[PDB]
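Reading through the structure tokens given below for one structure.
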Amino acid sequence: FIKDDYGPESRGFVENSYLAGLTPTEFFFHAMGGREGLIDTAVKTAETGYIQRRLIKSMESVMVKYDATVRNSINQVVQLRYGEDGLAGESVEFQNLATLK
Amino acid sequence: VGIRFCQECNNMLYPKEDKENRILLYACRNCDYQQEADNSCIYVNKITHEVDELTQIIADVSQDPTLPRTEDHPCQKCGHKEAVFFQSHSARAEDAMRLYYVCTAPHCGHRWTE
Amino acid sequence: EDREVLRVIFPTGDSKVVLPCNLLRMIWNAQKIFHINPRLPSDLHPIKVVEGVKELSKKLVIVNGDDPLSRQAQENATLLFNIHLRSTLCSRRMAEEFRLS
Amino acid sequence: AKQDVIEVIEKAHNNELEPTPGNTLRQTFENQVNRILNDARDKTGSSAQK
Amino acid sequence: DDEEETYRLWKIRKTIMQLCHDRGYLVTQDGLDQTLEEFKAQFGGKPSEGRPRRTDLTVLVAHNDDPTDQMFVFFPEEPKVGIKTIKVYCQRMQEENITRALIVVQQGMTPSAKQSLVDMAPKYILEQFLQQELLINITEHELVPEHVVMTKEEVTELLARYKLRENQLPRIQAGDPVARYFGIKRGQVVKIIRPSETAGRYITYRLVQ
Amino acid sequence: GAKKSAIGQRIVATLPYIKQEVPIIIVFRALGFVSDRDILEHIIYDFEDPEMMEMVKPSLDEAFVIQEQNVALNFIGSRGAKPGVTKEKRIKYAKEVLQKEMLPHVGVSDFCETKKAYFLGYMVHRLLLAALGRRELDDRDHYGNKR
Amino acid sequence: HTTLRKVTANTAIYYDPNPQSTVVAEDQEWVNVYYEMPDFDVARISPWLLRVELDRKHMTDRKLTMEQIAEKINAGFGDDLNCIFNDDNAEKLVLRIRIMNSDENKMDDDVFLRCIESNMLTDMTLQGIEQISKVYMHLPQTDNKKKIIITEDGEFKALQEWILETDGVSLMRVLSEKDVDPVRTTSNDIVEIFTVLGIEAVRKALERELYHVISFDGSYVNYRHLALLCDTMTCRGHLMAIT
Amino acid sequence: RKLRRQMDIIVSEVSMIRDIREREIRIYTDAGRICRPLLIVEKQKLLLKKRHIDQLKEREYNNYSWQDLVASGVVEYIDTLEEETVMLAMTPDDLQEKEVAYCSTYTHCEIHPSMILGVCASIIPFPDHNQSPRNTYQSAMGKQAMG
Ligand SMILES: [Zn+2]
Ligand SMILES: [Zn+2]
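Chains as they are written, first to last, in the entry's author numbering: chain A, 810 to 910; chain B, 12 to 125; chain C, 961 to 1061; chain D, 709 to 758; chain E, 2 to 210; chain F, 246 to 392; chain G, 1163 to 1267, 1278 to 1415; chain H, 588 to 734.
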């Protein structure tokens, strides 16, 4: 490409489709486009797993006491009722109030 | 505006107010040489730093195969049809997509921005 | 009053709210189980709807106690679900759309 | 689409492109070109889906 | 300008009247709501070489249960304040026997003056307020839920219901701007009432430490 | 700060086998160029451009106090691997450093000092070109820069 | 936040020993206008002149007054500095500045004046609140940033009002200023919510942020777990980092 | 460039660069530069002609090989940072021939473009019809295939 070309072809817009097949420069630009995806895939996993571990380590002792109060290992009270409505989260569904609006 | 050097040790002069005659001077600190200030201006700073880049564009740029050229815009001096154009090619240009033109053909090197 | 409370709790008017039991599926289950015909007049007494809901909301217990602090605790815990439950089980709604015997 | 992109670029060469408030000329330029190209690929997509 | 400064002083006085109202001290309905032009007609426009000097903006208010406690609000005229100045203020305090007062500081306090505020707990308690902190009422912000300072009997019944030691409650530090807003001391419990999108209302109890 | 606001941007060098930063003009005078017209003659290739002149101006005022070569070699020598007990030991040491561990590809022997000026000035010069924005900052990943 | 450098086209330090000398071509006019009745010069006038230019675009875009700039320079530096300026009629907008007159009544002068310039260009703080880099203005199409009022029918009406979004944050002084809504103003930064609005605004705010980032992808995580994370973080009474 | 194309004083390995705006002229004889061959274009016409391919198809028992094709100045080695000074064409019969004007000055044309692919990626039939992560995955697995 010629210097100072901002046109669609020079900067990587791909006109062809996978069925017809790419041109060479569109193929190289395409490889550049995929490399970022592979790199994101490889890099994100470590940070996600480490954040997961930190969350689990910080929360690990939180539980529902027989008072339904949510207390950590030290009996300090995080919440008086679980989820503030005191209900488990699996059995709920979405609803419409219909008195509102 | 510019810097001038001493005529004895070739060191950097500095501005000094003349207190008696109220005339600006430049006096080397490593000797006694003194010369009056002709320009009367010392420190100029352009914050917008607007500078015609026609001063920074070399005519040899007309020999580059990698640059685009058009026959639409003729030269002013020689009226040559080939004109090789390029953008600022500079960092901290503010925002300029303006095309700069350089005349091809030997030694003309005329530069007109449109 | 419940409508005003909802308008305090839900600005921007988002009506999609997560609640434990789906009242529309349960009502329209009852219609199909007991073979209700909407083309016929209902035999249901409009009071026993209200008394059914009032006697109902006492038997849904998040907080166990006779203390006034416990009373306000249970009202604040079950508030929104009681508003929804009084919305869908309303007497005129029984006597218009649902035709529940 | 590519002809429209050529039109926009040839506008930017003559400085006629006015910067959108909050955007450098490069930012508004890339914004416009992205608008045009995304419109292209979206329209062609919908066509292939029809 | 004096319009800006007067507008600031109007914000400050109004917000301090809301302070005084939320702590249970007697305030007439006019004292809470004063249109800017009524305030200006009262205190006379421009501060600079003007009617308000930052003195006579001082406020004296009485408690609802007993009139004796009252309260006081000083506005210092200095950019920064020092032990001698506060000492004059406490001299006026012991002169009027009123125990509780406030200070609205334009900029800052020398740390010896802060330590001198902490020095005497029983006799007279003084609370530093920066000028900006009173330029806005934070309790009326959307994120800040309604706070209710609990009396000791309600706290005892609370700890009796859930069978809690005082240490097992969540905490709120005495340097928390809301705790300042209500003038709360170590050992008291606050009752937060906030709406939830599951239950619809939820009550938190925050011990003050 | 009061001094930082007045001076502007000072150019300093990090040399091998030397403890800390050193200003540039002391390094140029340590190569035997006393006058500022020779130093700014090697740094700035055309004096008719005032912008580069204004760029270089503070670096001279920072180094103003050392006008002598041997005093500059003393300036560098005290920062060496170990401080020389006797003075001229430091001058000989810093001189050996400027001959050997300074820019070995230019030359290792004696009069190469002169050449050691030009290329080194080039550094400073090119640095100025990145300060004025007249050139692009090199991309570390460009594979022309890789061997 | 607009520093004096943003609106300043260029700066030149001149040596004029006399007021009416005026080495510049244009300056002599208004110089003589102010020196027909020269005031506060009784001590003496410093020979060192500082002449800065102001681009009319940056000046009129921010609704800046030359008198206002004179008030902020003369107020910031006090009586140690003297400000002289054009009427707007001048096509080239000029601001002339001189060192303290009573200073004539170390540091040299030109060096001290260069230090003055380099202190002004960064330091001045003409308008706004420092640490605010830019402020963006738009009409939001999202129902979260739209003001939704209950009308006289009890219906929910969504209104379009201009909103601002700033690059960089100072929450308190923005909350303090006039015409800004105290109720609905919020920042994403947690700490600047903590030291201003307290721990509860950090509870609900942190909660809204986690819900924003988790539900931005299109994913849905239940309320209870966010509500728990915010509580466990804010339970101890102050922000507990997870570290 | 002539003396390199004739391999007189300059080995074909040396790379030479003229950077016009910085006025420099660089010559790299250094080791480690990764460089690839390219056809040479004079005006719009290739220097590779019919007699060259005639002798290369007869290559057996002519003792005529690639080295004699380099000695004819037809093909030339170019490295990374010299590619910044070059204009390449994908294929001669496409980009060399006249159309609505894009570029004239083309100085080179790649041999064949598919040579940009490595060893493991050269066994993929129709790699341009695939998503690029799949060309990568195949470059990974093709190493593990039994044979
Ligand atoms: Zn001299
Ligand atoms: Zn010409």
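The beta carbon of each residue, even a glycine, is placed where N, CA and C say it ideally should be.
So residue i contacts chain B; which residues on that side make the cut at Cβ distance below 9 Å?
i: G:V1355; result: Within 9 Å Cβ-Cβ: nothing; G:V1355 doesn't reach chain B, min ~39 Å.
i: F:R379; result: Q67, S101, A102 and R103
For ligand 3, I want to know if residue i counts as a neighbour, meaning its beta carbon is within less than 6 Å of at least one of the ligand's heavy atoms.
i: H:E671; result: Among the ligands modelled here, namely ligand 1 and ligand 2, ligand 3 does not occur.
Does the distance from the C-beta atom of residue i to that of residue j stay below 7 Å?
i: B:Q98; j: A:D813; result: yes
i: A:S900; j: A:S882; result: no
i: B:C86; j: B:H118; result: no
i: E:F75; j: E:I104; result: yes
i: E:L37; j: E:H22; result: no
i: B:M108; j: D:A720; result: yes
i: residue 398 of chain F; j: F:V369; result: Residue coverage of chain F in this structure runs from 246 to 392, which leaves residue 398 of chain F outside it and unanswerable.
i: G:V1256; j: G:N1267; result: no
i: F:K264; j: F:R335; result: no
i: H:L625; j: H:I597; result: no
i: E:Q133; j: E:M110; result: no
i: G:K1317; j: G:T1323; result: no
Starting from residue i, trace the alpha helix (DSSP H) both ways and give me its first and last residue.
i: A:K866; result: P833 to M868
i: G:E1215; result: First-last for G:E1215: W1210 to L1216, but that is the beta strand (DSSP E), not the alpha helix (DSSP H).
i: A:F822; result: First-last for A:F822: undefined, no H or E at that position.
i: F:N319; result: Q314 to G322
i: F:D281; result: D281 to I288
i: G:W1334; result: Counting along the chain, G:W1334 falls outside any alpha helix (DSSP H), and DSSP gives it neither H nor E.
i: H:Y724; result: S719 to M728
Answer with buried or exposed for residue i, where buried requires no fewer than 16 other C-beta atoms within 10 angstroms of its C-beta.
i: G:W1210; result: buried
i: A:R890; result: buried
i: G:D1361; result: exposed
i: H:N717; result: buried
i: E:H142; result: buried
i: A:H839; result: buried
i: G:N1244; result: buried
i: H:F713; result: exposed
i: E:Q189; result: buried
i: G:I1321; result: exposed
i: A:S826; result: exposed
Counting along the chain, where does the beta strand (DSSP E) carrying residue i start and finish?
i: B:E28; result: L24 to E28
i: H:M603; result: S602 to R605
i: B:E47; result: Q45 to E47
i: G:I1320; result: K1319 to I1322
i: C:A1055; result: Here C:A1055 belongs to no beta strand (DSSP E), and DSSP marks it neither H nor E.
i: residue 781 of chain H; result: Because chain H here runs from 588 to 734, residue 781 of chain H falls outside it and cannot be looked at.
i: C:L1016; result: No beta strand (DSSP E) contains C:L1016, which is instead part of the alpha helix (DSSP H) from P1006 to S1017.
i: E:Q107; result: No beta strand (DSSP E) contains E:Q107, which DSSP labels as neither H nor E.
Report the neighbours of residue i on chain E: residues whose CB is nearer than 8 Å to its CB, in chain order.
i: G:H1410; result: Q174
Under 8 Å between beta-carbons, which chain G residues line up against residue i? List them in chain order, please.
i: E:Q107; result: Under the 8 Å cutoff, chain G gives no residues; its nearest Cβ is about 14 Å from E:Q107.
So with CB distances below 7 Å, who are the chain A contacts of residue i?
i: C:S1047; result: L906, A907 and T908
i: D:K710; result: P817
Measure how close the beta-carbons of residue i and residue j come, nearest whole angstrom, since I'm counting them as under 8 Å.
i: C:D962; j: C:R1046; result: 6 Å
i: F:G329; j: B:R103; result: Contact flag wrong, Cβ pair sits at about 45 Å.
Which chain C residues sit within Cβ distance under 9 Å of residue i?
i: G:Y1395; result: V978
By the criterion of Cβ-Cβ separation under 7 Å, what are the contact partners of residue i in chain G?
i: B:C52; result: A1174 and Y1176
What residues from chain A crowd round residue i, counting only those whose CB sits closer than 9 Å?
i: H:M677; result: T832, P833 and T834
i: G:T1404; result: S867, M868, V871, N881 and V887
Name the chain H residues that come within less than 8 Å of residue i, Cβ to Cβ?
i: B:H91; result: Those within 8 Å of B:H91 in chain H number zero; the least Cβ separation is about 16 Å.
Whose Cβ in chain B lies nearer than 7 Å to the Cβ of residue i?
i: H:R608; result: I69, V72 and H100
What residues of chain A sit near residue i, judged by a beta carbon separation below 8 Å?
i: E:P171; result: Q885, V886 and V887
i: G:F1328; result: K910
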